[PDB]
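A, B, C, D, E and F are the chain letters, set down in written order, and residue numbers restart from 1 in every chain.
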Amino acid sequence: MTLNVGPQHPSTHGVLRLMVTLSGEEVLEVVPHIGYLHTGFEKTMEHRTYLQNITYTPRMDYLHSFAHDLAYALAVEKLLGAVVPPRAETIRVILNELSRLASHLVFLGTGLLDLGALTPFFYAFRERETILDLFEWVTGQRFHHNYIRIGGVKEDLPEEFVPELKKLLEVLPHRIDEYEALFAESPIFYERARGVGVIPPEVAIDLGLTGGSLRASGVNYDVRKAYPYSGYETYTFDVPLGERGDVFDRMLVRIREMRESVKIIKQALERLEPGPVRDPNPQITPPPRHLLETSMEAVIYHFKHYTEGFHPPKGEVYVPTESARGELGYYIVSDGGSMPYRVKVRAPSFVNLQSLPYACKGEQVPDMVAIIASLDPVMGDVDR
Amino acid sequence: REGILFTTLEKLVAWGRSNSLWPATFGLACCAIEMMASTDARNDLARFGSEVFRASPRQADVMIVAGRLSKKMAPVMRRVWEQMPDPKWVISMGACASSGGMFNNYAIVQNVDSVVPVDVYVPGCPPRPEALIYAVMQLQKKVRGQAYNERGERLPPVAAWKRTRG
Amino acid sequence: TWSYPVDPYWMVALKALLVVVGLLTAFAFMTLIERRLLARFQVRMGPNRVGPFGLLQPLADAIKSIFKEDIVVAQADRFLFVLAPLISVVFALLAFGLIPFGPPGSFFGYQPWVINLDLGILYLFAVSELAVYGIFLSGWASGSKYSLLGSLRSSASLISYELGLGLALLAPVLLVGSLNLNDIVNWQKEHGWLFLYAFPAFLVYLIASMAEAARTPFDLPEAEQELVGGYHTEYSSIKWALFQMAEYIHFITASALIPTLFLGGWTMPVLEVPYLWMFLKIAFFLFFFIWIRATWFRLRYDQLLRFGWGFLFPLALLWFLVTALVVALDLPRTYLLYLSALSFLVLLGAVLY
Amino acid sequence: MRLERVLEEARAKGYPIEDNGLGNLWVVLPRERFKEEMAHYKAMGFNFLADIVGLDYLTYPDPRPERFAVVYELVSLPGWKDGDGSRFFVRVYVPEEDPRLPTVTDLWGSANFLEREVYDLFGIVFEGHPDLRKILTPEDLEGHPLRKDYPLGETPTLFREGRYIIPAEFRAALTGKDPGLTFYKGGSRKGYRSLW
Amino acid sequence: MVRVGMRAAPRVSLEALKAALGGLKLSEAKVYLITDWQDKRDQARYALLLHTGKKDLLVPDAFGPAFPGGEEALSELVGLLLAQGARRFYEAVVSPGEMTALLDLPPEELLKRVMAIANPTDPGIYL
Amino acid sequence: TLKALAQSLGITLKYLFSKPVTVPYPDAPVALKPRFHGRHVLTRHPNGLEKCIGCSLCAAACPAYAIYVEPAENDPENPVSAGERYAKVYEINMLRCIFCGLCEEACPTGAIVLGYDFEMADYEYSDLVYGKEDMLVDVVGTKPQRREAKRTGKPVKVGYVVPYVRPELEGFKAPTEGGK
């Protein structure tokens, strides 16, 4: 039965079309059709100044976006030699792991709701709501926040940010332990997920499945450990792993990821000493807002930086990072001009989707939904 | 019969349709997660009557264009709108849907009023869940005939009633 | 109906009309209360809107449902498309009269119930099959095989547990020896609360009632979240409303039968009020069931079928064999109290390992 | 450890080794030796094939060998059986009027989707592919978007009373071939790099 | 690619397009109604580019309510295109000053640009 | 693991008795941060002169290009801006606007600064181009809100509260946490 599990219907979150070649209640093979969200970042970004593109970057993966902001930022910093202040780096890892907790919350809520129960969507979402407030505190936006900058971050943290963060970091561990107490000793989910989702690590490696679904099959491969970028070299870290790749091990490993990310948030919070906020190089940083009325160089640099932008040298660059869905990176080709020559994005959810016909082959027809929720796609990342 | 032709009954049925607005989600992009968040346990569009959420299009009146409308999805969503009962309303959510948004290119429909008749426009990126509540209230009073535009006109109760389908 | 009188036919028609419109109001307001109780469960709060307490929102829902362009989809069977909701509603409304809400005359003079047939449980079984009938017929009529497979799932699973319903209802009949609910309830008045003797079979009855789309197989299915269900996805204005109405009436009739048959249909040992205790037990089971509605996953109808067929039914027929031994030799009835207490202790203490 | 042996192998055969002072390595193989060399590369222990990035240099200020250029990324995961962590790139130019390339789908299944994208976005047809079908762009879309001679295809912005904007006529930012708004751009707007 | 019709003569443009259309089957063709100012259709002016794949057809800005009988001629035009089996309808939004020079660019450039900028449309907005 | 069903039931019940968590917009004022991205406001100096000098630095740095600025030369008798230049026409298409803060960040005079209104839902594209006199700090409410208050005769109440308004919003009058 080549059944048309269409785009967005029935409840294929992240609009995606499926031709399930399938007779009965088994699953022979699923033929996917994507592109239903193709908006054109790789092309539009070729007509926007480097400063502007920070407005285009978070909106690709709208759940874990600061990884996109950080990947783009770091690649350009390397390309033009920018300096990360220690406080800016600590703040960037704070926002990185916190957006990772938020993306993880949304992923498990969607997975539970996609087939099964509705209740635990809200509780996790409750915490997510709190997290958003924290972001709205510093960036003034829930998500899609345009805060990061090439040198560092836009402006400083408010007085009210840190105590709220402490409140949420003190309440969260019990909350995550509660989710794991509910789910890990699974009543029916045990008979639903432990068997399903055949993930042989060999083919997961062969098809490009980096997004935390591979270490659920027992592969210790994380960019934070393999390629430390934002100071992760300097963190006490437990690296989650799975015994055998299924949906159950995936979800449990991601929950342990959330706890380790909360621990990293606290750890970074403690080591925070006042200081600067962004790379002071005037060629790369606009003049501070106060001496716009004293210095000529200030006005000229502000005018230029905010009409033209800046010109990094000619060259190609690329640096990878670890998002809630795996290895991510921007291939930046710059021709020495105010607008990037090309930006090619390694979309983890894009190739992580090759393992759809494979994983759900021979599995159930309903379980084709649970195995998609467990694959954690963000079709803003795939379609792009 | 269109909910008209009685001084009492048209008020009654407009009351009914306006308060019992049953949204038909079409989750497309990051606007759609701000549409989902309008139902959680802090700010829920689960009060005016929108508790239940008919995923099938044969059963829901409000279709919210929630996210960037990539062209390869334009016709499908079109038929999703044509797969709706006739007493149906469409809200255009976000900047990517209302206008072309910031993505001004070959991949995006630069105004979703092209493919579907829009009832209410709601800017924002994404429009705050509370702006979505304000828009559903806008549409609430619009379908009662309690809506006036800047130019001084009262607006029809149901948009997509004035289009020669084809 | 050995001892029970008969009201005139016009009173039968009047009371049936009362039951139908009361079931309308009841299912509307129970949809409200379930929304609000789920809200209390999942923190969020309910619609303090159009009501205050929501009690004008069913009106908005019903007014929306009508005028909604009741459409007859082309490529669909002209006849069954229209006919199946009426079947699903008719064969849901009836089978509510037999449930006794009091001793005769406690309707302020005439009759608490509607009909008191000699063979009741068979009547319930027969009209219960017809709900699955309307389900899968509507699935076929829609002309969408996506709903056909959902209808087939519904019918298969519901039919498996529907077979199990017979092995459940056998057990108390051996004890009482009558198939009229009033005699059974009066027996439960004498010795007390029939489930005390037959708790295991009681279980497999209760769980069987869960398979009838109540919740937790939840692979009826509904169009949501899975291979879309049948009897919907093609009906717009009232026929979908009729499906929802009949399915909820079946829900509340089953949740009322569960206390009526095994537990104490109103007939309280003390304070003996006709209606209020029945309504309170209905609400008790409803609240536990809503707890379940909020708190548990699906079953995927493969494990559901295996569980019903291999696990529920052999266990139920085993209990039937034990109870039939006891009744045929008739030595005590207390031995059944002892055995059911031991069985519950086993089925409970085996949990906390 | 294996990256050093990759360099010793390729430099011995005279293939240019591209390196920026940032820590990323490019290895350009010719068309013929491409397939066999990269097969040997996978045999050399390269578990992971990360990216296939297609490039159009039509409007690049400095001239380049060929217009289109496809870059694959070969990696060996550090936490797997015997993982050095060796990751590197392979660039292979493809002529303007000869958009050919043999696939490595048979070696890594990851090139199933990725190469299709480069066939979707660029005019590059991948040889030996199981299915070369348009992935992202609409089925009726004519052309290959990401090549510079293909329009971005913008729509004006709208205002009250005849007041409009044509963004491509509005942009103050300069590309590489844009001479600038003055007679020219020199100094720090022709390329600037801080010395840490 | 042919250019039939004339600016600001809706009825003559419509009759010449009637004649030049003939019995041409539009099952896989594309109709691009090019205009300016997305939102305001009450005062809109329209061009048409018909991309059949085997030869293409041009109509200058002569339809729409901005001209006397452009609204009725555009309604008849969309009805005519729909009668012949057209399903894929598009709208292009250009700057007013473009509309004039876009009919004088070579066919490949004009047509490429139009196909890249096209918006799927519901013909009900023109009927 | 039958115990897990019971544990799930028990925790769901415990939350059942836990009544509070929600905020009921519009009946309860939405708690916003002082840095929130809302409707733009044009601020004025103490002299009353407007801060905007019509320099179109907001429009160029806009990734959607939604900002329109026609300039003009001040009249020495009754000047509008501080310098020799003011903004005759200042339009922002909220259907193009993506709420970055790039116009706020690039404004050298501090004139254009985002406010807090989100209640700008309207029916018509052509009406969602908010103009100069549609964003001044002096104005209290959004376009549909002001039209409703006019066709209704009932004054405007914004449905949000913030702990305080920023110093960049000098003159921005709004409800502050309940001080009034």
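In the analysis below, a contact is a pair of C-beta atoms (placed from the backbone, for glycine too) under 8 Å apart; a residue touches a chain by one contact, two chains touch by 3 or more.
Molecules present, by chain and UniProt name: A = NADH-quinone oxidoreductase subunit 4; B = NADH-quinone oxidoreductase subunit 6; C = NADH-quinone oxidoreductase subunit 8; D = NADH-quinone oxidoreductase subunit 5; F = NADH-quinone oxidoreductase subunit 9.
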Top-ranked pair of chains - ranking by C-beta pairs in contact: A-D
Separation of mean Cα positions, subunit F and subunit E [Å, integer]: 41
Gap in Å, rounded to a whole number, between the CA centres of subunit E and subunit C: 62
Mean-CA-position distance for subunit C and subunit A (Å): 47
Whole-Å gap between the CA centroids of subunit A and subunit D: 23
Where subunit B touches two or more other chains at once, by residue number: 40-42, 44, 47, 55, 71-72, 99-100, 102, 104-107, 110-111, 113, 125, 128
Multi-chain contact residues (two or more partners), subunit F: 2-3, 5, 8, 12, 15, 21-22, 24, 60, 63-65, 93, 96, 98-99, 124-125
Set of subunit A residues in contact with two or more other chains: 10-11, 35, 38, 40, 43-44, 48, 55-56, 119, 121-123, 126, 144, 187, 307, 383
Full enumeration of touching chain pairs: A-B, A-C, A-D, A-F, B-C, B-D, B-E, B-F, C-F, D-E, D-F, E-F
In the complex with subunit A, residue positions of subunit D that touch it: 20, 22, 24, 26, 47-51, 53-56, 60-62, 71, 77-80, 85, 108-110, 112-114, 121, 134-138, 145-146, 152, 167-168, 171-176, 178, 185, 188-196
Subunit F residues within the subunit C interface of the complex: 2-3, 5-6, 8-9, 12-13, 15-16, 18-22, 24
Residue numbers on subunit F that touch subunit E, as the complex places them: 124-126
Contact footprint of subunit B on subunit F as seen in their complex: 21-26, 30, 63-65, 93-99, 118-125, 127-128, 143-144, 147, 151, 159-160
Subunit A to subunit C touching residues, read off their complex: 1, 3, 10-11, 25, 113-119, 121-123, 126, 187-189, 191-192, 364-367, 369
